[PDB]
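Undergrad: Submitted below is the structure of interest, expressed as structure tokens.
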Amino acid sequence: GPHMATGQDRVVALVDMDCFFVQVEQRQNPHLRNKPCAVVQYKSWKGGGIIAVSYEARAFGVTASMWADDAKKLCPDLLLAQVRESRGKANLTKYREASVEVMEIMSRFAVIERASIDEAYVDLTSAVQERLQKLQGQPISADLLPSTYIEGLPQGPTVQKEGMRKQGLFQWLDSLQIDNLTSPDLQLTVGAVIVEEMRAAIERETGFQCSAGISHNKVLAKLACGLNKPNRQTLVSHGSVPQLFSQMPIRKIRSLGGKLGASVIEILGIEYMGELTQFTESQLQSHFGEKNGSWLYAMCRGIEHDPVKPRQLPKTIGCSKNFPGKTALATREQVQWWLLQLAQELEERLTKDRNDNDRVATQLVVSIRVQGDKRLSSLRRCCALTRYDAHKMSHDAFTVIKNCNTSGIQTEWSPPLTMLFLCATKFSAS
DNA sequence: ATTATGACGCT
DNA sequence: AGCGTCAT
Ligand SMILES: Nc1ncnc2c1ncn2[C@H]1C[C@H](O)[C@@H](COP(=O)(O)OP(=O)(O)OP(=O)(O)O)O1
Ligand SMILES: [Ca+2]
Ligand SMILES: [K+]
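If you count by the entry's author numbering, then the first sequence holds residues -2 to 154, 160 to 432, one letter each, in order.
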């Protein structure tokens, strides 16, 4: 009762750019705007691999992880933009720089955690408190929430999509004004007002649209964000959780989309997140470990405590290339040439990072895959990164992996290498 | 023959 | 440390 924590202490948002690499290419090339289009890397094998898809193209069934030749079967008029190639490899700089544009705007509003190239969590608790003081008990108008969905509403005693959105928003605001909701509900609502403002600023200042979720923690904000995409935001209140979770497949919750989630389903014989509430904390810990068990026990009740970390910059800077099928690296000089290409891109990015962000990487991680290996990485070795110099880094990388070569002929490399990976890590202030 | 990333957990 | 999981 009175001592039962409800995980309603924070306001957290997750902002997720819509079709991000496609928007970056559409801003650059107006011919691609409002068209079925996709971003592809490379072109020779089956037309290239699709890595991002506009919503117009998704209507035809085009997805990422599709070959462009196959996407064209579904959507013959699909437009394509190619990822830049430099030094023999795909180069993602344009998208990393577009990411910085958005992250810097978000940072004006609040502390953010960079979750990926186009996702950031936002801790809005303090901003909401501030806005509430400005507001002075003045009610919140629907006009302040023009792209907001309230999950679970409308309900109870119009067949258009926007009409439904407004009906739900009206019910929510009507209740807030009549004092039939909770202080956490008001906090979330003010959070959503701020996120409208944030999303408007992103679009104004970059041209890019995004979706967002607002809730009391990162997992619910992420779940919320996906409910209404694209170009919309969704508020998931604490009270919405029992209905929302009652039919929510376990794999939809972040961290449960893989083997752990499959084990939860199999071991417990359940399908939906809400079904977890019937187990004790000890029962869950007994199957999934102390940490996972406690996390699951709280999470299925809508409670999570993972903080929004104050981190706007990536912690690592890496460069990798696959060498599939017949293109696997089978000679010494091949391996060395590609290590150099990778090291040259890495040096370029590191030098920029050092100038921009007042830090230096101190460790170089070298990873390879060998042909036949089940896993993405076969071997990982570290060495010191003491100089931002591509020839040195590439020579050092060779040294730490050269003994993986089974070949008696040192000119040859066996078994052939199907992946090379260089990663700069362990930053120190500079 | 998805590819190129990136954070965090385990022992 | 080196490996594995989960995610954009
Ligand atoms: N598996 C991947 N391989 C390479 N690039 C990827 C991969 N997944 C995502 N990306 C890139 C391209 C995406 O535009 C960008 C952001 O990813 P993501 O949020 O999953 O999709 P998206 O922004 O294209 O569409 P959505 O509107 O559904 O969010 O990161
Ligand atoms: Ca996205
Ligand atoms: K994303």
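No residue lacks a Cβ here, since even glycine has one placed at the ideal position from N, Cα and C.
1) Tell me where the alpha helix (DSSP H) around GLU273 begins and ends.
2) Starting from the N-terminal side, write out each stretch of the beta strand (DSSP E) that is 3 residues or longer and does not extend beyond the stretch 276 to 324.
3) Check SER396 in the structure and name its three-state DSSP category.
4) Does the separation of the CB atoms of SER322 and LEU422 fall below 8 angstroms?
5) With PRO186 as the anchor, note down where its alpha helix (DSSP H) starts and where it stops.
6) Do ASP67 and ligand 2 come close, with the Cβ less than 7 angstroms from some heavy atom?
7) When DSSP builds the beta bridges, which residues end up paired with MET103?
8) Name all residues in chain order for which at least one heavy atom of ligand 3 lies closer than 6 angstroms to the residue's CB.
9) Whose C-alpha, out of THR413, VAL372 and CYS16, is nearest the C-alpha of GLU116?
10) Which stretch, first to last residue, makes up the alpha helix (DSSP H) that contains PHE247?
11) What's the C-alpha gap between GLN235 and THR145?
12) So what does DSSP say about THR401, is it helix, strand or coil?
13) Out of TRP42, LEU270, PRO186 and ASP375, which one is the CA nearest neighbour of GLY4?
14) Between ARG256 and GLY263, is the Cβ-Cβ spacing less than 8 angstroms?
15) Residues in the same chain with beta-carbon distance under 7 angstroms from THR427, minus the five sequence neighbours each way, listed in chain order, please.
16) Less than 8 angstroms between the CB atoms is what I'm expecting for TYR39 and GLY45, so what's the real figure, rounded?
17) Classify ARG206 as buried or exposed, calling it buried when 16 or more other Cβ atoms lie within 10 Å of its own Cβ.
18) Rounded to the nearest angstrom, what separates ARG377 and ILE370 at their Cα positions?
19) Relative to the C-alpha of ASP360, which residue among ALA300, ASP375 and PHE429 is closest?
20) With DSSP collapsed to three states, give me the class of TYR52.
21) With respect to the alpha helix (DSSP H) encompassing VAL337, which residues constitute its N-terminal and C-terminal limits?
22) First and last residue of the alpha helix (DSSP H) that includes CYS227?
23) Could you check the C-alpha separation between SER177 and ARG167 for me, to the nearest Å?
24) Indicate the three-state DSSP secondary structure (helix, strand or coil) for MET166 in the structure shown.
25) Sort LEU77, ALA226, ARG55 and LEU29 by Cα distance to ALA65 and report the nearest one.
26) How far does the alpha helix (DSSP H) with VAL21 in it reach, from first residue to last?
27) Let's see if you can read the secondary structure: which residues bound the alpha helix (DSSP H) around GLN130?
28) If you reduce the DSSP assignment to three classes, tell me which class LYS328 lands in.
29) Does the distance between the C-beta of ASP391 and the nearest non-hydrogen atom of ligand 2 fall short of 7 angstroms?
30) What are the residues that DSSP puts in a beta bridge with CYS425?
31) Assuming the contact rule is C-beta atoms closer than 8 angstroms, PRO33 and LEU75 should be a hit. Round their C-beta distance to whole Å, please.
32) Using 10 angstroms around the beta-carbon of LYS86, count the other beta-carbons present and answer buried if the total reaches 16, otherwise exposed.
33) State the CB to CB distance for the pair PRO251 and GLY276, rounded to an integer number of angstroms; the pair is presumed to be in contact (CB under 8 angstroms).
34) When the Cα of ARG303 is compared with those of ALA107, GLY241 and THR329, which residue comes out closest?
35) Beta carbon of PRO33: closer than 7 angstroms to some heavy atom of ligand 1?
36) Pull up the distance between the alpha-carbon of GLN133 and that of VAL125, whole angstroms please.
TA: The structure says:
1) Per DSSP, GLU273 belongs to no alpha helix (DSSP H) and is neither H nor E.
2) 319 to 324
3) helix
4) yes
5) 185 to 208
6) no
7) Answer is none; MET103 lacks a bridge partner.
8) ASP13, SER113, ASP115 and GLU116
9) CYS16
10) 243 to 248
11) 5 angstroms
12) helix
13) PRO186
14) no
15) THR318, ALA363, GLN365 and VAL367
16) 5 angstroms
17) exposed
18) 11 angstroms
19) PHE429
20) helix
21) 334 to 359
22) 220 to 227
23) 16 angstroms
24) helix
25) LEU77
26) 17 to 25
27) 122 to 132
28) helix
29) no
30) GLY320 and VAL367
31) 5 angstroms
32) buried
33) That pair is no contact at about 11 angstroms.
34) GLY241
35) no
36) 12 angstroms
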